[PDB]
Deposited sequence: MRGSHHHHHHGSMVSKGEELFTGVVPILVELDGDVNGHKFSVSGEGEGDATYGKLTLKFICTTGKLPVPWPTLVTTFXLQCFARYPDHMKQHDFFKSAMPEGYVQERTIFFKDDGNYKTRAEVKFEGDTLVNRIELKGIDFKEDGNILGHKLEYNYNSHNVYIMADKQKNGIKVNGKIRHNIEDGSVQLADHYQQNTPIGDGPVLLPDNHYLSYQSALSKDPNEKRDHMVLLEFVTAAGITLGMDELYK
């Protein structure tokens, strides 16, 4: 398909985000590449406006599900590639249990041979010494599944995952991500049966890097539709 041959290989990625959380402003610029063939994703992010006012792991989901490896029997349930290269708009809220929420709009689309994710994010009503503004999260990440269902009421999909953020006292901060993907092009797109993406994420630091930054690797495989009985 038009959108499908775009992901036979490695694909350069660019990410740009401008943020407000409780009236502290910041920007993040991201570089890396994706390989939908493996289900791999590799990025380096940098806070260009100084120190990040929130823990890095709280932005991982905000920051490319087109790079998910869909199995053979499920290729016709891949909304994400089907909508390339004109792309999709992602509207989403992340609710942190017993704390504030992130509201963010983003546009994913090809800008040349590069996939570009332009993000806008606002946050309000965060506890000034909660797990987030307190910077109390471990710098790591856990397996999570992301549930996908058709929203043909609007030619799009709805997507929800519950994220587990480990805190330094052995407590867990929960984050509920609800998102809506709606195509930009008017071309026909794939509306999938119910399924999920199996996420694994690993965060690290570049030793040769002076700026507040995060190295993020993700592994994303579509699952949830069996063959036969």
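According to the record, no C-alpha positions are given for deposited positions 1-14, 78, 245-249, numbered from 1.
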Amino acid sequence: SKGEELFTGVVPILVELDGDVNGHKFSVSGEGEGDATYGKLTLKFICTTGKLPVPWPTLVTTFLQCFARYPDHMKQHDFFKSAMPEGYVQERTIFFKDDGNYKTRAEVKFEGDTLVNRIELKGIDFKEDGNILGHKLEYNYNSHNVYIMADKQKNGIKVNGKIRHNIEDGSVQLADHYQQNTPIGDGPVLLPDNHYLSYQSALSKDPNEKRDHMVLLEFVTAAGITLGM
From here on, numbers count along this sequence of modelled residues.
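For the segment pair 14-22 and 217-225, the entry gives 14-22 the higher mean B-factor, averaged over Cα atoms. Relative to its counterpart among 184-192 and 199-207, 184-192 has the higher mean temperature factor, C-alpha atoms as listed in the PDB entry. Among the modelled residues of its chain, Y88 has a C-alpha B-factor that falls in the middle third according to the deposited record.
In the deposited entry, the Cα temperature factor of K154 places it in the highest third of its chain's modelled residues. Among all modelled residues in its chain, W56 ranks in the lowest third by Cα B-factor. Sort the modelled residues of the chain by CA B factor and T37 lands in the middle third. Per-chain ranking of the deposited C-alpha B factor places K103 in the highest third.
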